[PDB]
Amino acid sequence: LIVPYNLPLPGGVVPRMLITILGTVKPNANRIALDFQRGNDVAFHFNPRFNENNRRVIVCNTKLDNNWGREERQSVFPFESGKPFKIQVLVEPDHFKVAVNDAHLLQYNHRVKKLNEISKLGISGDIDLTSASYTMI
């Protein structure tokens, strides 16, 4: 799949919806980004950064009307340059739950409440995208 890749989510997101992304981090990778979009707004921005002040950190945020909000940062960094990964985003009623390589990583409380209007997922960054899909559990 060509990155940046756009995965349309017909009818928006809904609890019990599971998105699975498989890929390989490029060697010398700098960043990865998943953008759950509601029109121009970004409902949930998941952004692993490989070198932020020589620190590997995951930044999560929401962008409303061209403005980024309060960042939520995670130190647990499970991605590795040059290695295959699997990211699963499970949509729950109150949060997006993220697990990487089968290990729960983080939860992101819904700032954008109209879930049915979050109808696109943008995937970009320094990765080789192998697969991107969704299902209902």
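Numbering starts at 1 and runs along the sequence shown.
Taking only CA atoms, the mean B-factor in the PDB entry is higher for 101-109 than for the other of 101-109 and 38-46. Judged by mean Cα B factor in the deposited record, 25-33 ranks above the other of 83-91 and 25-33.
Residue-level temperature factors show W68 in the highest third of its chain, judged at the C-alpha atom. When the modelled residues of the chain are ordered by C-alpha B-factor, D128 sits in the highest third.
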